[PDB]
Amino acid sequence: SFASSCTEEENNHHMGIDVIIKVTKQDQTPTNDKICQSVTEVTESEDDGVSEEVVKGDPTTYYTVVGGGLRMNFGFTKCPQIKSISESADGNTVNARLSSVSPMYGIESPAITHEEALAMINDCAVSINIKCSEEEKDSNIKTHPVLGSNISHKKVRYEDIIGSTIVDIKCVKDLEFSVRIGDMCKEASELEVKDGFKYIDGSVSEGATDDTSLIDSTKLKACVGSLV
């Protein structure tokens, strides 16, 4: 049930996901504000060569965002599709935002039942892997503005969404993360959830909290996707 706009209908939700992330690199790291160097998509459930099993696990789409002196890898398993990936940098910090796109922008997306949405909320899991990059090529920024999920990072019901968070401490000092799942047309109280953590000074704090100002989104730049 795809639609490119927001209509009034029960048990018919345009569910989306919006990931925001702010990384503070180590001082002793080489300068690199060259964001959106590359963005690649790939979906594999550990299903390929050398890894055969009787029971194959859930497939997982990985997004690798190279820029700002970092290689950011995000793994989504059973989550609303990601259609927009933006980034930005300044100083030793690099911000990135990965999300679905709301029918409000005129993009079409699936509308799922209230029940199907609750299960998705339960299964959807996001993995985080952040490595250093020496990549020096030019930013490959899009010509058009960043489209959004229409979901805000306000404090709402907590949901164990975020999984493994692995980072190369050489270039990564601090790291703040926020994940939001909800209706992209109109907030549905029971289907609005969020997960997040604040890795500061080597310490991790978890839980839902207001992150509407984690990053200044107006600074974000749309990254162009590529392959191979």
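In case it trips you up, residue 1 is the first one in the sequence shown, and so on.
As the entry records it, the average C-alpha temperature factor is higher for 138 to 146, out of 138 to 146 and 69 to 77. As recorded in the PDB entry, 52 to 60 is the stretch of 52 to 60 and 174 to 182 with the greater mean C-alpha temperature factor. The top Cα temperature factor in the record, among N122, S109, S99, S127, falls on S109.
Annotation for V94, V156, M104, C132: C132 ranks highest, by Cα B-factor.
When the CA B factors of the chain's modelled residues are split into thirds, the value for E192 lands in the middle one. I166: CA B factor in the middle third of modelled residues in this chain (values from the PDB entry). For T218, the recorded CA temperature factor ranks within the middle third of the chain's modelled residues. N12: CA B factor in the highest third of modelled residues in this chain (values from the PDB entry).
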